[PDB]
Each structure stands twice: as structure tokens, then as C-alpha cells.
Amino acid sequence: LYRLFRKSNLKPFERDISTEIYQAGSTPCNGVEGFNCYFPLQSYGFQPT
Amino acid sequence: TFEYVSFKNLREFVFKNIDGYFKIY
Amino acid sequence: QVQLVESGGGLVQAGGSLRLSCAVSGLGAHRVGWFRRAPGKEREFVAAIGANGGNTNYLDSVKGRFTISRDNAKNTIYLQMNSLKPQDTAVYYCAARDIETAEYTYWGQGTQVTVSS
């Protein structure tokens, strides 16, 4: 995995294991994803091709 | 994720989060 | 491009368990999500699962009796309803993300599932 969004640029040598959604917009997300409610993590793809 | 081993007396301590490390005196 | 098709939507009696399973073409690079349209409301989040992932998010209302799964073999995702409370009837849509900017990249045609009390 890796991350696409975070509150701010992490400091050097810090571990972030947070899960809360990142509010790109002023819209409240209330713990549930939606439009402008971006889940931070994203998986990769590792095919032999 | 860790474990370690160590009014007449007063304990004085300084804690600092520097460089992503925690230092104690 | 990748395409998703929804099947398995139909009326169920109160308390029934119907497993909503939508097929996906070229799954693996994407995370898929389940949203439903209330009769007078817009889509809201219910379930989503990342490939081979244990990352699970659910709405508090649908919490406690829903789970989502990804088979990894037939390229189809499975959502199970367990004892639906009648007001929870809605149309569920499969959607996927490549790089989410506004919402999920693709929207499925969806299906209708309804419950009779």
C-alpha cells in the first residue's frame, strides 16, 4: 500500500498508520466516504507483465 | 512495540520529541 | 477500459439475506465501493474493499449486519445483506477508483433490491 492524501507533509522519520478520510472539501464526511471524501490509502499493482 | 528495564527525593525529567526520536534526561 | 455489471437485485421478505454480487472486468488495480440511492435521497456509502485488502469501511446504519468480500478469482465482488430493516431498501451501485479526484472513476448500471415487511 501507500498514501494519496494526508493532513500535511509528514516530518522526517515518522510513521503514519492513520485511517481517517481526508476532507479535500469543506463538506463534512462524518466518518463515511463520498464525493470530496477521499480515502487516503491506495494499493499497487505488481504483475509480471 | 517496545519494552526496557531500568520528601527526600525529587525526580526531574526533560522530554523532547526531536528528529522523530524521544529523549529523556 | 474496465467495466462493472450488477446482478442479483430482487424483492426479499423482511429479515431475508440476499447477496448482492456484481461482476467486474479487469479488477485488481482498483478499489470498488457500494453506495445506494434512498427513494428521496442521493447515493451514500455502505461498503468498499481494496484488492486482497482488509481495509473495511461501512455506514453506522448498515454497521453490524453487512460484510463485503472480493473473490480475487472470478473478478466479481460480493456484498451480503443480513436481516435488512425494511426502510433500508435502495438501489446499490458498483463503482471503482483509479485516482479519485471528484468521485469514483466508473459508475455501474446498478440494480434494485427491495424488502416487503
# chains A, B, ... in the order shown; residues from 1 in each chain; ligands from 1
$ residues_around --residues "region 1-15 of chain B" --least-positions-apart "6" --cutoff "12 Å" --atoms "only C-alpha atoms" --output "list in words"
residues 21, 22, 23, 24 and 25 of chain B
$ closest_atom_pairs --of "chain A" --to "chain B" --cutoff "9 Å" --atoms "only C-alpha atoms" --output "Markdown table"
| residue | atom | partner | partner_atom | distance |
| --- | --- | --- | --- | --- |
| A:11 | CA | B:20 | CA | 7.7 |
| A:12 | CA | B:20 | CA | 6.8 |
| A:13 | CA | B:20 | CA | 5.6 |
| A:14 | CA | B:20 | CA | 6.0 |
$ interface_residues --of "chain C" --to "chain A" --cutoff "10 Å" --atoms "only C-alpha atoms" --output "PyMOL selection string"
chain C and resi 28-31+33+35+43-48+50-53+55+57-60+97-104
$ atom_distance --atom1 "CA of residue 113 (chain C)" --atom2 "CA of residue 34 (chain C)"
13.3 Å
$ atom_distance --atom1 "CA of residue 73 (chain C)" --atom2 "CA of residue 92 (chain C)"
22.5 Å
$ atom_distance --atom1 "CA of residue 23 (chain C)" --atom2 "CA of residue 72 (chain C)"
11.3 Å
$ residues_around --residues "residue 108 (chain C)" --least-positions-apart "3" --cutoff "12 Å" --atoms "only C-alpha atoms" --output "list in words"
residues 2, 3, 4, 5, 6, 7, 22, 23, 24, 25, 32, 33, 34, 35, 36, 91, 92, 93, 94, 95, 96, 104, 105 and 111 of chain C
